[PDB]
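Shown here is one chain on its own, the form deposited in one PDB entry, set out as structure tokens.
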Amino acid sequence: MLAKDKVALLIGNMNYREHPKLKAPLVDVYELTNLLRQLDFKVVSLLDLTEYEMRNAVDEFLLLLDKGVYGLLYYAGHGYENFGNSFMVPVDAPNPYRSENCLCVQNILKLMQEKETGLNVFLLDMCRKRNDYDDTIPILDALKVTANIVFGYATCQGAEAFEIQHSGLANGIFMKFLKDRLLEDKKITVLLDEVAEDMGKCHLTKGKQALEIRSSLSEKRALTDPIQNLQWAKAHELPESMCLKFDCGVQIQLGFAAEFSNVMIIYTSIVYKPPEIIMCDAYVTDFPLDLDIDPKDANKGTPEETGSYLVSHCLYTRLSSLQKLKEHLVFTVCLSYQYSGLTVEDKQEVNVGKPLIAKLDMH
């Protein structure tokens, strides 16, 4: 079987303002992003999205879908399910929240079917208990019979999906098993069936979590199927490294690394210091307030100190929330230094345009 293209949107929500925070969606999304890119999916991955941001991301994703395209959505975070409709909870959801605060997966599926996709895959790594605060009984239009829909639910209806407490960079349960099968050249339904059996051997989750597969897929389609727009591609291209030269002769390298489509690490280092100058330090400051950075967290001697655990003699700064950037990413590189024969302060403003997810101009 053939795909016209293969496109995936992955969202991991962790840092909930009003609900229990999670940890493993970060590694779950990061690892699945890498696996899907190995399968030639065009992937956008996003962490910690508000309702507005989730809807925008989904809209961009729907725009890339067209006749014969394979579309895949993976979501790791809080969720619920009322009357067979599944809902994904954004990080800004109030407590309590209801349907109007959340995205209904069935609504997204309907929109995907309208683009005449060749395959629709939903991997929902979230709890599926009822939300007692949601008393709505919405009737969505019956879906067309396109016979090309597959759901892999991390857990069953009315049950919870889990990650492990105090487990460092361990995956959640679903991804722990999914990651080891995803590259198999097999119909997606069979691949998930295997994952369900693997998960059936996980003692931690016996009686609490079991994969559910739902499929009407009537052709032998697989995530490995051969493929037989520019902005979506550019949304994962980092800014080029740059070598800033300051008036005094000091040059500072400025580098970038990607964690997610909305999370970038900037690092600086001194690459040349004139003999004149006995010592110098450079650091980054004055970032757009929209990014909501804390300076006690920036300019750290280690990436993990910024909360960046997937990075690897510089200073590191984590820019999460790039999706909130409405203008160019402009910031200052400050330099302090001294000449043999006594402290000076200079600075240089840098503009790296619209990095990563900002390329989609979701706003």
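The first residue of the shown sequence is 1; numbering continues from there. Between two forms, the rigid core is defined as the largest C-alpha subset superposing within 1.5 Å.
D225, present in the displayed chain, carries coordinates in each of the other PDB entries compared that cover both sides of it, far from a third leaving it out.
Across the other compared structures of the same protein with both neighbouring residues present, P96 carries coordinates in every case, with no third of them leaving it out. According to the entry, the deposited sequence has 10 or more residues without coordinates between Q228 and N229. Where coordinates are absent for parts of the deposited sequence, a chain break appears; between neighbours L342 and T343 it spans 1 to 3 residues. Note on 16-24 vs 344-352: mean CA B-factor is higher in 344-352.
In this crystal structure, the stretch out of 95-103 and 212-220 whose C-alpha atoms carry the higher mean B factor is 95-103. Within the listed group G158, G118, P90, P274, the record reports its top CA B-factor for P274.
Residue set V311, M54, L322, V43: peak C-alpha B-factor at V311 (per PDB entry). When the modelled residues of the chain are ordered by their C-alpha B factor, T205 lands in the highest third. When the modelled residues of the chain are ordered by C-alpha B-factor, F287 sits in the highest third. Split the chain's modelled residues into thirds by C-alpha temperature factor. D132 is in the middle one. Among all modelled residues in its chain, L123 ranks in the lowest third by Cα B-factor. In the deposited entry, the Cα temperature factor of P239 places it in the middle third of its chain's modelled residues.
Omitted here: the form deposited in another entry. The next part is about that form.
In the overlay on the core between the shown form and the other one, a shift of 2 Å or more in CA position is seen for a single residue of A161, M88, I266, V263, which is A161. In a rigid-core overlay of the protein, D135 has its C-alpha displaced by at least 2 Å between the shown form and the other one. After superposing the rigid core, the Cα of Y74 is displaced by less than 2 Å between the shown form and the other one. Once the rigid core is overlaid between the shown form and the other one, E114 counts among the residues whose Cα shifts by 2 Å or more. Between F41 and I173, the C-alpha separation shrinks by 3 Å or more in that other deposited form, relative to the conformation displayed. Distance between the C-alpha atoms of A159 and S45: shorter in that other deposited form than here (change of 3 Å or more).
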